[PDB]
Amino acid sequence: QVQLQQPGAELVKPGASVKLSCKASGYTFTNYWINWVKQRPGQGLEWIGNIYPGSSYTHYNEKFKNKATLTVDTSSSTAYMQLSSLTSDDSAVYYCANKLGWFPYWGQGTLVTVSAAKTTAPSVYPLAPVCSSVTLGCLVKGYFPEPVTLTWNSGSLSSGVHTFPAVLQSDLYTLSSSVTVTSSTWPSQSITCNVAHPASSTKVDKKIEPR
Amino acid sequence: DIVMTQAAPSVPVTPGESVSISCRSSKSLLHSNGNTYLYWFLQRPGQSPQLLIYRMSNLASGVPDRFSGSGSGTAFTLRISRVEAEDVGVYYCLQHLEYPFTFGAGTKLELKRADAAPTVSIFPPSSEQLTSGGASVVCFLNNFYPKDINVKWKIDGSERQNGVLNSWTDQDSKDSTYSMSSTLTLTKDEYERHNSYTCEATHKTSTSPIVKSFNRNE
Ligand SMILES: O=C(O)CCCC(=O)N[C@H](Cc1ccccc1)P(=O)(O)OCC(=O)NCCc1ccccc1
């Protein structure tokens, strides 16, 4: 499988630099270009620059020439982008992408949050119905920074799911998700919320129990 | 630099209709080698861009043939036949003829589906959260259309406004509806001081609100 692996997130202090990694597998890392793309929440894509791993030849978008430095480690098949003196304008999702012949493959992207605040793990709460179909929920409250990844029954249950975008309020994020199944199905068959928060290396599971 | 212009910030179509997305370049993308260096990608919320078209008119493997790309040397079109829920997202063109590589600003596809009233569900604070010291009451307003909707919370019959946190999803990838989650956060003492909790949803599909409620000590 051709794949590019990127960390889900990086919390960086204002003014400090950050070095993003992009680990490649599934093809010969040295023979293809690694490109880097920036995307602010809700905005469009921007090309930052690229590098040829076998030789480290690089091209930069003038706009990012004084901000980014691209390198690679052929011995670990990893590409890196170091960004200097971050400010709030650097908060964004940064993707790495390669090009094999005509085909580009993208990493899942790293969400860089420039902040002086400390990383805070979420409190995950199961939402069972008040003491046809039934709707269950999961509340992921008070974390920072973005993002969190939420699934149900480890990704097995995906139909009838609504995962709401995280909303920032009082300097902490809150996100929630609901899932609707046939009532005869629950609680006989368990339903569990799996929440992962990259920045705090935490991954929790909350089984929804009847009240 | 080559300027890639996508004239339409957004385009609305109702499910089933065909649609065309335009992108223009400030200079011909047709190389002397005969290839036209233009890509079209679809990006869905929270996903990395996905390849649709390469070489201006080649359909990428795995992409439904409802999609196609054509163009002159500077005017390009991405055509989507029989638009459906999974096609909603932002479409981007990209030229890779010359450095620096440049993207179009993107065109958002919006699906104007049929109106639908929200299905509401209310949830009291979890025992875990209460033990923890706080109390959040959640209401989900699901699968409704259009996007505009309002929620009012009432504690013991009186409207409560501070402590509310609302969030709308993007159009559902399967039925193109929207859903919204509203969370009322109180202190545990506050929560334990009242009994009747209600969330009322008003959507244009009706003048009377869809409401759900519960009594704490029942
Ligand atoms: O100097 C020149 O004539 C060409 C300069 C651009 C270039 O080398 N493009 C290459 C194709 C090409 C070949 C011959 C003539 C024109 C274009 P190329 O697209 O392989 O460039 C290497 C590269 O890194 N491309 C990345 C494109 C890409 C960027 C970000 C996301 C997805 C795709």
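We did not get these values from a lab; they are worked out from the coordinates using the rules stated. Heads up, the Cβs are rebuilt from the backbone with ideal geometry, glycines too, and the neighbour counts pull from every protein chain shown.
Assorted remarks:
- The value obtained for the protein assembly as shown, namely the Cα convex hull volume divided by the number of residues, is 156 Å³ per residue.
- Exercise: per-residue mean of other protein chain Cβ atoms within 10 Å, A:160-169: 5
- When the convex hull of its Cα atoms is viewed from all sides, the stretch A:117-210 shows a mean projected area of 6.2 nm².
- By other beta-carbon atoms within 10 Å, ranking A:139, B:29, B:165 with the fewest at the front produces B:165, B:29, A:139.
- Residues A:59, A:162, A:197, B:31, arranged from fewest to most other Cβ atoms within 10 angstrom of their Cβ, appear as B:31, A:59, A:162, A:197.
- Estimated inter-spin distance, residue B:58 and residue B:112, nm [label 7 Å along Cα→Cβ]: 3.7 nm
- Gain on full stretching of the segment that runs from residue B:98 to residue B:175 - 0.36 nm per residue minus C-alpha separation: 23.7 nm
- Calculated FRET value between residue B:32 and residue A:40, using beta carbons and R₀ = 35 Å, to 0.05: 0.45
- Of the three principal axes defined by the Cα atoms of chain B, the extents in descending order read 77, 35, 28 Å.
- Ranked for footprinting exposure by Cβ neighbours inside 10 Å, fewest first, A:175, A:4 give A:4, A:175.
- Spatial separation of Cα centroids for the stretch A:73-92 and the stretch A:112-140, in angstrom: 30 Å
- Debye-formula intensities of the stretch B:114-216, expressed as log10 I(q)/I(0) at q = 0.16, 0.23 Å⁻¹, are -0.67, -1.16 (one equal scatterer per alpha-carbon, no solvent).
- Gain in span if fully extended, residue B:10 to residue B:161, counting 0.36 nm per residue against the direct Cα distance: 51.0 nm
- For chain A, the fraction of alpha-carbon pairs in successive 5 Å shells from zero, as %: 1, 7, 14, 16, 14, 13, 11, 10, 7, 4, 2, 1, 0, 0
- At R0 = 35 Å, FRET efficiency that the Cβ-Cβ distance of residue A:100 and residue A:133 yields, to 0.05: 0.20
- Simple spin-label estimate for residue A:158 and residue B:213 in nanometres, 7 Å along Cα-Cβ: 4.1 nm
- Here the stretch B:1-38 and the stretch B:100-176 have alpha carbon centers that stand 34 Å from each other.
- Computed helical MRE - 222 nm, chain B, DSSP H runs ≥ 4 contributing -39500 (n - 2.57), nearest 500: -1000 deg cm²/dmol
- DSSP beta bridges in chain A [antiparallel fraction, %, rounded to 5]: 95 percent
- Treating r as the C-beta distance of residue A:58 and residue B:148 and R0 as 56 Å, the FRET efficiency rounds to 0.70.
- Calculated SAXS-style log₁₀ I(q)/I(0) at q = 0.11, 0.17 Å⁻¹ - the stretch B:28-142, Debye, Cα scatterers: -0.54, -0.86
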